[PDB]
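Only one structure is covered here, and it is reproduced in the block below.
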Amino acid sequence: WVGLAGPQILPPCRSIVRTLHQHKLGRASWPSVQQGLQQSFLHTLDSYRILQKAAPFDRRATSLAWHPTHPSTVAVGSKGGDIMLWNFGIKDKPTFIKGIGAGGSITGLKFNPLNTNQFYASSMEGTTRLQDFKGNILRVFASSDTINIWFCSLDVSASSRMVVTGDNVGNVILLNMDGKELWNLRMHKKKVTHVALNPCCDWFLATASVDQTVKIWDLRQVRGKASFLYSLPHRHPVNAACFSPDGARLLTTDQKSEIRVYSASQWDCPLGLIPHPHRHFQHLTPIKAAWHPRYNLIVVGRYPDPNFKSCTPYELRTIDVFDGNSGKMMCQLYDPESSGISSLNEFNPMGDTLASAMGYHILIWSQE
Amino acid sequence: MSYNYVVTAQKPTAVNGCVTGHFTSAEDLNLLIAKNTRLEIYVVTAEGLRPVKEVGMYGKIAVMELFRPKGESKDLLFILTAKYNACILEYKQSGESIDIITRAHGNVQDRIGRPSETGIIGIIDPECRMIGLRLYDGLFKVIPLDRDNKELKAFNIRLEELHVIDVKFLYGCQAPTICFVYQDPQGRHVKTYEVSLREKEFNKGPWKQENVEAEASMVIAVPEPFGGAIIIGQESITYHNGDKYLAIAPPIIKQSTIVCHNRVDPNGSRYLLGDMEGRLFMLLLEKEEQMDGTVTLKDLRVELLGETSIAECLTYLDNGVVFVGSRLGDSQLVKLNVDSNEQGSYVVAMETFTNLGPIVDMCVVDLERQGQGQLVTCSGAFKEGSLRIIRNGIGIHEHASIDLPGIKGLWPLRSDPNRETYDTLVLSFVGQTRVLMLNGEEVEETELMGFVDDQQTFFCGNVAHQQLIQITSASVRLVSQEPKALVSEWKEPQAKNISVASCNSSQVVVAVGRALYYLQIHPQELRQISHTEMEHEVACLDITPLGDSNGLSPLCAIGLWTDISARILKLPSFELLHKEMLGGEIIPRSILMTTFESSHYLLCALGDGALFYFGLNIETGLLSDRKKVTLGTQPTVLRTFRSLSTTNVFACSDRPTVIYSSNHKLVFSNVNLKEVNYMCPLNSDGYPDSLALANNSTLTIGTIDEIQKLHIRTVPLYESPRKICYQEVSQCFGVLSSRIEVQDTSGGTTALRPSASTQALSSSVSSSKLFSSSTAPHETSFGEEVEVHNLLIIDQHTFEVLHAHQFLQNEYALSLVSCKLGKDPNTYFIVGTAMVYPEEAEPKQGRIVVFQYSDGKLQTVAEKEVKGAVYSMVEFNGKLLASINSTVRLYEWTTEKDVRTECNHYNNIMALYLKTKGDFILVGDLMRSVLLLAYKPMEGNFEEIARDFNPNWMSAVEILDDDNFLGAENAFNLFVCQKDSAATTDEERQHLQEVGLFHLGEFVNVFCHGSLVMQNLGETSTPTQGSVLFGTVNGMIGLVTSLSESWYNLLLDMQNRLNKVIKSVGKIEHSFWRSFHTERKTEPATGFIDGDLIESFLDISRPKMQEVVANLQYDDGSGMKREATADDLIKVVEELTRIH
């Protein structure tokens, strides 16, 4: 369960000063200093308690992307088809694209790594657009060809210059950034909820689906017809499976009350299991667990369930932060008068600001 | 723009592991030390170590193991880099050529996976069947070493034991059998497996498993006669053979943890145990011969042998000689005893190998003669805690030194005409001359006949017709070699004294008041051939023959007294061929003509220590290019020696210097010495190719360094040294020390062992009452047992570095910053305190305390309580800028001498590092990269200008100019940031772009400006622009420099060609080695150049040299392009070495 019985942090009782100086002397493993910082962070995260900037747009939030570089710029997607490009700390009226509203949900959005004036999108209209924030397409990377077939889930890798989309039937297309198809094989039997290719290994794809599996693939090696590398079975449908920065470890978030870590030295079987309510609801965007870009932590929206075996006696609509080696609650984020079920939660590139898709709202958590 | 140059001044001095075996020969016992990127190979002689080869590797040496495969006449070397470069290496000597050849090599890294917290572990099968490594958690890496596998291809085994503490291969089992301590929720346990290359998986060891002492760190493989494993921890040592278990818990371990072990006896009888306190224990395995069933282990016993320096590893060599690989202090070589002497010491330091590491802080100071520069003072740290004073120059190695004060001149001499060498050294004092006969290395006061010693000698030496000459004040004496006899004597006709002399092999030019006589040396004959008078008094003379001159100089150089001129006279006649006005008032003190690289010069030094020099034409006696240098306030006396075939000039003054030429311009290497008044080359039987050097008190015979070198002094503190700064006004250094004390049964404190602040006549303790303690003593880190920090400020003098005053801080204050300053009154020492309670992770109670020092009295002047932890402070335009925690405060100092809160900046997480330039402020925020702030006056507040995006865990930070910013992070990389301004209201000018990456390989505390070399105006060359020196945790101390756009490209190109040549020492590609590396990122590396590649240019064959220069279009400053030659680059790299 534990990724080595705790990365226990440094010198007697570990005051950061004591730890930092130790690091200075050569006497301190970086991974130790790391943990010390992580703790120092976890502490500042308790005073993050302030939502410094909140906003909506309409319909419901469905996709969240942090600008890869600016620690203020955030993109947000809507069940309607809305795209907000919001740089808070500027007070400048976010760039806006209004979508269909009917179908047209943005089921996935990543910024265009090669040009951040553009983004990619997984639309319920049945298209994966590459589009400018000043609302105009450049090239539709994939369109459906049958109605009722649309796409749910993106990634995209600057490094290998690839684009992957999962449709709602189980098909996964893989494109090069010009737009040429290399894939199409039906990798999953049902809706592909989440597609994510490895940050540290260009050709190492993880695909999660409603078929209650997460699949791991090699693109350069195994193009050869729906015959992956690993398939991970789950108690329920999988809402998301995304890699840790550095590519070792995968964070699986199932549809009911289970989050899993899968190690790179395995992949096949889970490292641990974190039990954590997040359930399926009607007009609720599926909860997804995510990594903190820097420290070894996990963020999730808790969604209290009278049937889930609560360890804690107090069960609120809190934003949960788990250890990630221990697997155990490092703290909760909760603003009465503002909190509700937080579907999506992503940290900055820098991990000093927390963006929360709170169903209908967008919340920005920052230290005083 | 933004081009950078990184060049290693110094070189890591810390030992990161040392291994023993038969690498070089087989009959040889070798010791191999790893420094970081450096591999040092030695042979163990009866008396010490003999250095055979030091190699540099494009990697940080992580695993270094010797092993002997069957059918190999010697031990091979296995190296693993921290970037996962693996290689097998072999010693080869081609008669006289030393070569390390890459047998097998590859990059064994997985394509995924996070390094274990405990780091890389490498072990080799006791039968060299395979290599086994632990790179990541839950995998065991195996390289099939057996048979021909040359790319070092490797497979992995899944390792259900996730958290591995230590692995080692067991001795004597029917399969490769691995033994390890691991950790699970149950505690720590020892388990064993078998490795089959055959099927590629574990199989199960000779015993299922055991519970192991709670804190078991070491796993020792015991050799054949026993065959078990020793497991060391705190408070316990255990033997496990597999069925057999035997353990002891000797009381004398409970003081500190055992860091390192080492086998003494090939059978495994005894083991050496290095401590952490710096102890050394002998482990003894009790052999019990039973009767038939033969050797069995009876018992374990440990005995303290005594204290070494804090050991990172050790290997016993032989004859009771041990090598101590220290990283915290000086590594050493020690002798062990059978019977312990006074104070129960079996251990005696034989040799102390100096180590600068860690180096927590350092500053640059101008101390010796103040003429730039040039010394660095650094740090420490624990009982190994020291101050290191490091300065650059040509060192002298003394071989004899006599207390013989007031020498007024020195001359070598060959008394024996049949002898090639010198045998006599003549010295002159105010009263007279004494003669020193050199026998062996033995000097001997005799006399030679024909030489008087009534009065002072101005010159003497071997001369023309197998004769000796002695020009005294009174006369000119010419002595005959065979029968030493006065053979001819010249005196000033009217019985006056000679006031100035000069002499070559066959000509003499003395001077009386104004008068000049030119004499000639002939058999038995001191033939006067010329007599003139000068405009004013004669200051000094030279008649050195230049070039194709038959020891007979056509010219005569002379300095004049009141008009202050250095003029060339046509010798034969005294025909004034060129006058030269020098300066006002100060009388010239030494003049000499000389040939540098077949070009002829006239140097001329004055009584204030100002040296002029000209390009003298031998034909017209024409002086050209008057260049002027100051070098120390003593009248500089000039002299000559011969360096190889090449001839240099020694500049005898309070700031001694040696001048030579490299291309056609002359270079001033600073001589590493106190005053030197006079000097002469002495090539004695007993002193070959040596120098006689006389200062005010001491004659010295010695050998001069071939090239400018770099040189160190130690000042031990027995305290961790922490922060340091120089208060030039009160002629004083201020150092923040800190000592480990043990919590007592009553109130805590109490040191172990006296240190710099315990031995402290004149010491103080501010008992400032501003804090309020807890009612019940919250003693954490043992409520009555274990250690406490205890931090004071100390004052070291300057010269002599006796410790002036010691001062104990708030008692629990950790104190993190030091400062010498002003804002109106006097020069203060300001200390930014911490206030660390065991116990809380976050600190929330600062203190800035202002001090004023004089006469050993150190007075707490002012004070300001802060609500955090003052991480750094800077003198800023008169104010005291301080990072407290998240916050950056400005602080002002008004009348009533209190430090008063001016404007703030709030937006940071850590804010550990500050560096200002003008009104600009660089901030290293540990938890989120770095940021530029401005103080705007006309305004009175802080304004964020730019933040670097991408979040760097920086080690230290530095400004290079108001546009470029330097960072080093936990990844041993360097990064450079950028300013700008961007069009139409929207600013990327707010984005500190990062424009330079480079994987250093070292960890940098402290950057700081200043240099170790003296810099030259007009001449030299400007591939160098800036100078930022930096301290490493391994004691390596490189410098970075601002390069030309033009220059950068050339060198960038150089590298690539240099890379095509140069047998890399494990076929590690340099570009890879340097390329910027994180656990998540790996990028090529731009904007930087490593001098270490550039400098290794001067170390290849002239063919390979011409190969690199082939096809190269070079600009030699003429603007008109030309084909570059090997020599053009040699004088370019030659120059670049002379910048540290």
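Methodologically, a virtual Cβ is constructed for each residue, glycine included, from the backbone with ideal geometry; neighbour enumeration extends over all protein chains shown. All of this is worked out from the model, or read from it or from the source named; no laboratory read-out is quoted.
What residue, of B:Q174, B:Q183, is part of a strand (DSSP E or B) and of a type in the set (S, T, N, Q)? If you could, list the steps in order and put the result at the bottom.
On the way: B:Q174 fails: part of a strand (DSSP E or B).
Step by step, each of B:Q174, B:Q183 is checked, and only B:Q183 is part of a strand (DSSP E or B) and of a type in the set (S, T, N, Q).
Evaluate segment B:190-200: report whether one residue or more is buried (at least 22 other Cβ atoms within 10 Å of the Cβ) and either within 14 Å of chain A (Cβ to nearest Cβ) or of a type in the set (D, E) (or both).
Checked against the condition, which is being buried (at least 22 other Cβ atoms within 10 Å of the Cβ) and either within 14 Å of chain A (Cβ to nearest Cβ) or of a type in the set (D, E) (or both), segment B:190-200 yields no hits at all.
Would segment B:622-641 turn up any residue that is among the acidic types (D, E) and under 30 Å from B:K570 (Cβ atoms)? Steps first, please.
Residues of segment B:622-641 among the acidic types (D, E): B:625.
Okay, now just the ones that are also under 30 Å from B:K570 (Cβ atoms), so B:625.
Yes, segment B:622-641 contains a residue that is among the acidic types (D, E) and under 30 Å from B:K570 (Cβ atoms).
A quick yes/no check of all residues on (1) over 26 Å from B:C313 (Cβ atoms); (2) of a type outside the set (D, E, K, R):
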position	(1), (2)
B:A249	no, yes
B:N262	no, yes
B:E289	yes, no
B:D292	yes, no
B:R301	no, no
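When both residues are 6+ apart or on different chains and their Cβ atoms are under 6 Å apart, which pairs have a first residue that lies in segment A:314-325 and is touching a residue at least 40 places away in the same chain (Cβ under 8 Å) and within 14 Å of A:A290 (Cα to Cα), and a second that is among the β-branched types (V, I, T) and crowded, with 20+ Cβ neighbours inside 10 Å?
A:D320/A:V300; A:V321/A:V299; A:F322/A:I274; A:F322/A:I298; A:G324/A:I298
The rows are residues; the columns are (1) surrounded by 19 or more Cβ atoms within 10 Å (Cβ to Cβ); (2) more than 20 Å from A:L51 (Cβ to Cβ); (3) within 16 Å of the chain's Cα centre (by Cα).
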{"site": "A:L273", "(1), (2), (3)": "no, yes, no"}
{"site": "A:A289", "(1), (2), (3)": "yes, yes, yes"}
{"site": "A:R302", "(1), (2), (3)": "yes, no, yes"}
{"site": "A:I319", "(1), (2), (3)": "yes, no, yes"}
{"site": "A:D323", "(1), (2), (3)": "yes, yes, no"}
{"site": "A:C331", "(1), (2), (3)": "no, no, no"}
{"site": "A:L344", "(1), (2), (3)": "yes, no, yes"}
{"site": "A:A355", "(1), (2), (3)": "yes, no, yes"}
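Name every residue in segment A:139-166 that is in a strand (DSSP E or B) and either outside the structural domain of A:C242 (by CATH) or free of Cβ contacts under 8 Å to residues at least 40 places away in the same chain (or both), in order of residue number.
First, pick out the residues of segment A:139-166 that are in a strand (DSSP E or B): A:139-143, A:151-154, A:157, A:162-166.
Once the filter is applied, which keeps residues that are in a strand (DSSP E or B) and either outside the structural domain of A:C242 (by CATH) or free of Cβ contacts under 8 Å to residues at least 40 places away in the same chain (or both), segment A:139-166 yields A:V140, A:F141, A:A142, A:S143.
Can you report the number of residues in segment B:484-526 which are touching a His at 6+ places or on another chain (Cβ under 9 Å) and either among the β-branched types (V, I, T) or assigned to a strand (DSSP E or B) (or both)?
Result for segment B:484-526: 8.
Out of segment B:140-154, which residues are within 14 Å of another protein chain (Cβ to nearest Cβ) and more than 23 Å from B:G227 (Cβ to Cβ)? If you could, list the steps in order and put the result at the bottom.
Filtering segment B:140-154 down to residues within 14 Å of another protein chain (Cβ to nearest Cβ) leaves B:140-141.
Across segment B:140-154, the qualifying residue is only B:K141.
Can you name the residue in segment A:15-60 that is in contact with a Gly (Cβ under 7 Å, 6 or more places away or on another chain) and more than 12 Å from chain B (Cβ to nearest Cβ) and is also surrounded by the fewest Cβ atoms within 10 Å (Cβ to Cβ) among such residues?
So, considering only residues that are in contact with a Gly (Cβ under 7 Å, 6 or more places away or on another chain) and more than 12 Å from chain B (Cβ to nearest Cβ), the one surrounded by the fewest Cβ atoms within 10 Å (Cβ to Cβ) is A:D58.
When segment B:108-139 is examined, which residues are found to be touching a residue at least 60 places away in the same chain (Cβ under 8 Å), more than 10 Å from every other protein chain (Cβ to nearest Cβ) and not in a loop (DSSP other than H, G, I, E, B)?
Correct list: B:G122, B:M130, B:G132, B:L133.
Residues of segment A:220-261 being more than 21 Å from A:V300 (Cβ to Cβ), outside any strand (DSSP E or B) and either β-branched (V, I, T) or away from every other protein chain (no Cβ under 14 Å) (or both), which ones?
Hits for segment A:220-261 are A:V222, A:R223, A:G224, A:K225, A:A226, A:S227, A:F228.
Residue under question is B:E1002, and the condition is that it be without any contact (Cβ under 8 Å) to a residue 60 or more places away in the chain and within 12 Å of another protein chain (Cβ to nearest Cβ); does it hold? So that I can check it myself, show each step before the final result.
Details: without any contact (Cβ under 8 Å) to a residue 60 or more places away in the chain: no; within 12 Å of another protein chain (Cβ to nearest Cβ): yes.
It is false that B:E1002 is without any contact (Cβ under 8 Å) to a residue 60 or more places away in the chain and within 12 Å of another protein chain (Cβ to nearest Cβ).
Go through segment B:557-640 and tell me which strands (runs of 3 or more DSSP E), entirely inside it, have 1 or more residues that are β-branched (V, I, T) and surrounded by 16 or more Cβ atoms within 10 Å (Cβ to Cβ). Please lay out each step first, then the result.
Values: elements: B:565-570, B:576-578, B:588-596, B:599-606, B:610-617, B:622-630.
It comes to B:565-570, B:588-596, B:622-630.
If I go through segment A:316-368 residue by residue, how many of them are away from every other protein chain (no Cβ under 14 Å) and either in contact with a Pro (Cβ under 8 Å, 6 or more places away or on another chain) or among the acidic types (D, E) (or both)?
11
For the list (1) over 47 Å from the mean Cα position of the chain (by Cα); (2) assigned to a loop (DSSP other than H, G, I, E, B), I need the number of the one condition that B:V430 fails.
(1)
Is it the case that some residue within segment B:55-71 is within 14 Å of chain A (Cβ to nearest Cβ), buried (at least 17 other Cβ atoms within 10 Å of the Cβ) and more than 33 Å from the chain's Cα centre (by Cα)?
Among the residues of segment B:55-71, not one is within 14 Å of chain A (Cβ to nearest Cβ), buried (at least 17 other Cβ atoms within 10 Å of the Cβ) and more than 33 Å from the chain's Cα centre (by Cα), which makes the answer no.
Taking segment A:72-126 on its own, how many of its residues are out of contact with any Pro (no Cβ under 6 Å at 6 or more places or on another chain), aromatic (F, W, Y) and in contact (Cβ under 8 Å) with a residue 60 or more places away in the chain?
Residues flagged as out of contact with any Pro (no Cβ under 6 Å at 6 or more places or on another chain), aromatic (F, W, Y) and in contact (Cβ under 8 Å) with a residue 60 or more places away in the chain within segment A:72-126 amount to 1.
Yes/no matrix, rows are residues, columns are (1) in contact with a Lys or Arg (Cβ under 9 Å, 6 or more places away or on another chain); (2) closer than 29 Å to B:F382 by Cβ:
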{"site": "B:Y245", "(1), (2)": "no, no"}
{"site": "B:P250", "(1), (2)": "yes, yes"}
{"site": "B:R263", "(1), (2)": "yes, yes"}
{"site": "B:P266", "(1), (2)": "no, no"}
{"site": "B:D275", "(1), (2)": "no, yes"}
{"site": "B:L285", "(1), (2)": "yes, no"}
{"site": "B:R301", "(1), (2)": "no, yes"}
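Residue-wise test of (1) touching a residue at least 40 places away in the same chain (Cβ under 8 Å); (2) closer than 28 Å to B:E54 by Cβ; (3) under 20 Å from the mean Cα position of the chain (by Cα).
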{"position": "B:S1042", "(1), (2), (3)": "yes, no, no"}
{"position": "B:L1050", "(1), (2), (3)": "yes, no, no"}
{"position": "B:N1056", "(1), (2), (3)": "no, yes, no"}
{"position": "B:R1074", "(1), (2), (3)": "yes, yes, no"}
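Those residues that are farther than 18 Å from B:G380 by Cβ and surrounded by 16 or more Cβ atoms within 10 Å (Cβ to Cβ), I need them from segment B:732-767; list them, please.
Our first condition is that a residue be farther than 18 Å from B:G380 by Cβ; within segment B:732-767, this holds for B:732, B:742-750, B:761-767.
Passing the criteria: B:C732, B:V742, B:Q743, B:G748, B:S763, B:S764, B:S766.
Condition first: assigned to a strand (DSSP E or B) and either under 18 Å from the mean Cα position of the chain (by Cα) or buried (at least 22 other Cβ atoms within 10 Å of the Cβ) (or both). Now tell me which residues in segment A:100-128 satisfy that. Give the steps one after another, and end with the answer.
Here is the first cut: in segment A:100-128, the residues assigned to a strand (DSSP E or B) are A:106-108, A:111, A:118-123, A:127-128.
Answer for segment A:100-128, where residues must be assigned to a strand (DSSP E or B) and either under 18 Å from the mean Cα position of the chain (by Cα) or buried (at least 22 other Cβ atoms within 10 Å of the Cβ) (or both): A:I106, A:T107, A:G108, A:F111, A:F119, A:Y120, A:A121, A:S122, A:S123, A:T128.
Looking only at segment A:276-289, decide whether some residue is away from chain B (no Cβ under 14 Å), assigned to a loop (DSSP other than H, G, I, E, B) and on the phi > 0 side of the Ramachandran plot.
So the first thing to find is which residues in segment A:276-289 are away from chain B (no Cβ under 14 Å), and the list is A:276-289.
From the residues that got through so far, the ones that are assigned to a loop (DSSP other than H, G, I, E, B) too are A:276-289.
Now narrow it down to the ones that are on the phi > 0 side of the Ramachandran plot: A:279.
Checking segment A:276-289: at least one residue is away from chain B (no Cβ under 14 Å), assigned to a loop (DSSP other than H, G, I, E, B) and on the phi > 0 side of the Ramachandran plot.
Among what's in segment B:1084-1095 and is farther than 18 Å from B:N85 by Cβ and out of contact with any helix residue (DSSP H, G or I) (no Cβ under 7 Å at 6 or more places or on another chain), pick the residue that is surrounded by the most Cβ atoms within 10 Å (Cβ to Cβ). First the steps, then the outcome.
Within segment B:1084-1095, the subset farther than 18 Å from B:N85 by Cβ is B:1086-1089, B:1091, B:1094-1095.
Pick out the ones that are also out of contact with any helix residue (DSSP H, G or I) (no Cβ under 7 Å at 6 or more places or on another chain) and you get B:1086-1088.
On the way: B:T1086: 16, B:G1087: 20, B:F1088: 23.
It comes out as B:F1088.
Of everything in segment B:892-919, what is surrounded by fewer than 21 Cβ atoms within 10 Å (Cβ to Cβ), in contact with a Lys or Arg (Cβ under 6 Å, 6 or more places away or on another chain) and either within 19 Å of B:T827 (Cβ to Cβ) or touching a residue at least 40 places away in the same chain (Cβ under 8 Å) (or both)? Give them in sequence order.
Those that are surrounded by fewer than 21 Cβ atoms within 10 Å (Cβ to Cβ), in contact with a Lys or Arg (Cβ under 6 Å, 6 or more places away or on another chain) and either within 19 Å of B:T827 (Cβ to Cβ) or touching a residue at least 40 places away in the same chain (Cβ under 8 Å) (or both): B:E892, B:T894.
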